[PDB]
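Enquirer: I have a structure here, written as structure tokens, and I will follow up with some questions on it.
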Amino acid sequence: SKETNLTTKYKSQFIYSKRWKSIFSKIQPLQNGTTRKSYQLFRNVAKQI
Amino acid sequence: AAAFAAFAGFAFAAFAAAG
Amino acid sequence: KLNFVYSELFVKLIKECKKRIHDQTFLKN
Amino acid sequence: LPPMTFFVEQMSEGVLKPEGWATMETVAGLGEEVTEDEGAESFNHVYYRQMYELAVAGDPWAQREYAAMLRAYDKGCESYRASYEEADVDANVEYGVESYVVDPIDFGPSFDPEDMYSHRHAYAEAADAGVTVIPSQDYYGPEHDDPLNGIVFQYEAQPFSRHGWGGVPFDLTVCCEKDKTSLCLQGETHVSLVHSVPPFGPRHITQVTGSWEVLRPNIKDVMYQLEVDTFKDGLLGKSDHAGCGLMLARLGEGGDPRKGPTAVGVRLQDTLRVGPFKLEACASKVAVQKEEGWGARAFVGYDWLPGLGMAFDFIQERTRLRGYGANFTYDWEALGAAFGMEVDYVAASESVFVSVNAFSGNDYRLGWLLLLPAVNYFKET
Ligand SMILES: CCCCCCCCCCCC
């Protein structure tokens, strides 16, 4: 019962890759119609599966 | 019962058409 | 430039699905 | 115009499912043996359509897939052509010039010669035509002539399909009875449309049916019916098989009703699993031109007693006689026999009907079991 005096429950930290985040940030999917259509198709399939 | 049936049918049709 | 990436993913994913899930010969075997 | 009860009974059929696509066996397996499973065939359809689109766009892998599919399709078509030619040659070899004959339809026993009029129905086998022809038998026919009057044609197709992928399922049925005096023409058509597939979304299907009836000399009026039904799975859960349908019935003289009596009906259908109960429900409401009728059917099952089948029906007339009916079915195996029982209870008339069918194939023990009517039968003068 020494944790009663000191209890520091730290969790739920989410770690995000720097390289992947930068790569997907540099991608512009909405400025062009064809890119938007391809992104919509891939998003539908990925959300389904 | 008529109003409930009509409302349920309309809601179901709208929900099915939305998706 | 990474404009094409999503497309190259999509043509992959469904294709891979065709090989792994909805293949009737594999199901028969 | 038939009463609203007839329309409410027609609408409350139960849980429905529209017909899907049809798939070739040679192309799907690329020349390999395949089995049957839904979801993997509509996936092949939509997948090949999408791959054709991508190949047109310029993706090399889609081009390769479409080329392989084309090669398999061409090989299958040539194989089928060769098989047809070989079958024709074999048929010529067996019977040199004699075309194959068909067995006549057996009507049944009568005091007239049973073998008479058999030559009339014995015809040469028809070619591989798309249509299907069936004869229609009337209740009472001429004493000294065959009792077959009229004909019915049935046709099915999946047009607007490319290389056996895609298309629109379409069914047609026309019953024609034409004589020197009367004319009966009953037509029905069904069309199926698919919006999405499980891999590319939900299961969304729309079925459109249209049926018209013409009876020239007796009624001198025509009847039209058009119904559109939409089905989607997993609306409120993993699977609920939700469906909603709308029907319009018209009794106009021709084309538009032109003041003819119209009727509009709407139906809802859903199945749900709650606890130990798998309940299927279908409820509909119809309004004619101004009474309104309501109908509801439910099928209820209990997993602890799978042998019992329970069905409930509720029909309400225009405001307001409510008829409730409950039907229970059960089955068991007796000594060298099988007995099936059905109990039907109606509260409107306060009546209960019990029916027990019995089948025995080993001996006549059940026959010796029941002998009361023999004693009960009396000459009575
Ligand atoms: C083309 C858009 C997809 C949804 C179309 C729905 C048409 C049927 C709704 C009305 C009948 C209940």
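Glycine gets a Cβ as well: all are built from the backbone with ideal geometry, and neighbour counts include every protein chain shown. FYI, it's all coordinate maths here, none of it is from the lab.
Enquirer: Hey, among the residues in segment D:10-61 that are surrounded by 17 or more Cβ atoms within 10 Å (Cβ to Cβ) and under 30 Å from D:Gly293 (Cα atoms), which one's farthest from the other protein chains (Cβ to nearest Cβ)?
Expert: Top of the filtered list is D:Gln10.
Enquirer: Turning to a different aspect of this structure: Can you confirm whether D:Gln154 is farther than 26 Å from B:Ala17 by Cα, away from chain B (no Cβ under 14 Å), polar (S, T, N, Q) and more than 16 Å from the ligand (Cβ to nearest atom)? Break it down stepwise before answering.
Expert: Working: farther than 26 Å from B:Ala17 by Cα: yes; away from chain B (no Cβ under 14 Å): yes; polar (S, T, N, Q): yes; more than 16 Å from the ligand (Cβ to nearest atom): yes.
Yes.
Enquirer: Just name the residue that is farthest from the other protein chains (Cβ to nearest Cβ) out of those in segment D:227-266 that are among the charged types (D, E, K, R) and assigned to a strand (DSSP E or B).
Expert: Among them, the one singled out is D:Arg250.
Enquirer: Still on this structure: For chain B, enumerate the residues that are within 13 Å of the ligand (Cβ to nearest atom) and among the small types (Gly, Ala, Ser). Quick ask: steps written out before the conclusion?
Expert: Step one: of chain B, the residues within 13 Å of the ligand (Cβ to nearest atom) are B:9-19.
Residues satisfying the conditions are B:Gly9, B:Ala11, B:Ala13, B:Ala14, B:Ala16, B:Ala17, B:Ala18, B:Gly19.
Enquirer: Of the numbered conditions (1) among the basic types (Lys, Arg); (2) out of contact with any helix residue (DSSP H, G or I) (no Cβ under 9 Å at 6 or more places or on another chain); (3) within 25 Å of D:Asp59 (Cα to Cα), A:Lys2 fails exactly one; give the number of that condition.
Expert: Unmet for A:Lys2, out of (1) among the basic types (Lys, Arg); (2) out of contact with any helix residue (DSSP H, G or I) (no Cβ under 9 Å at 6 or more places or on another chain); (3) within 25 Å of D:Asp59 (Cα to Cα): (3).
Enquirer: Could you pull out every one of the strands (runs of 3 or more DSSP E) wholly within segment D:165-223 that has 1 or more residues that are more than 14 Å from chain A (Cβ to nearest Cβ) and within 16 Å of the ligand (Cβ to nearest atom)?
Expert: On the way: elements: D:170-178, D:183-196, D:204-215.
Because the criterion is at least 1 residues that are more than 14 Å from chain A (Cβ to nearest Cβ) and within 16 Å of the ligand (Cβ to nearest atom), the strands (runs of 3 or more DSSP E) in segment D:165-223 that meet it are D:183-196, D:204-215.
Enquirer: Pairs only if they're at least six apart or on different chains, beta carbon under 8 angstrom, first in segment A:25-49 and at the interface with another protein chain (Cβ under 7 Å from one of its Cβ atoms), second basic (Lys, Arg); list them, first residue then second.
Expert: Close Cβ pairs satisfying both conditions: A:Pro29/A:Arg36.
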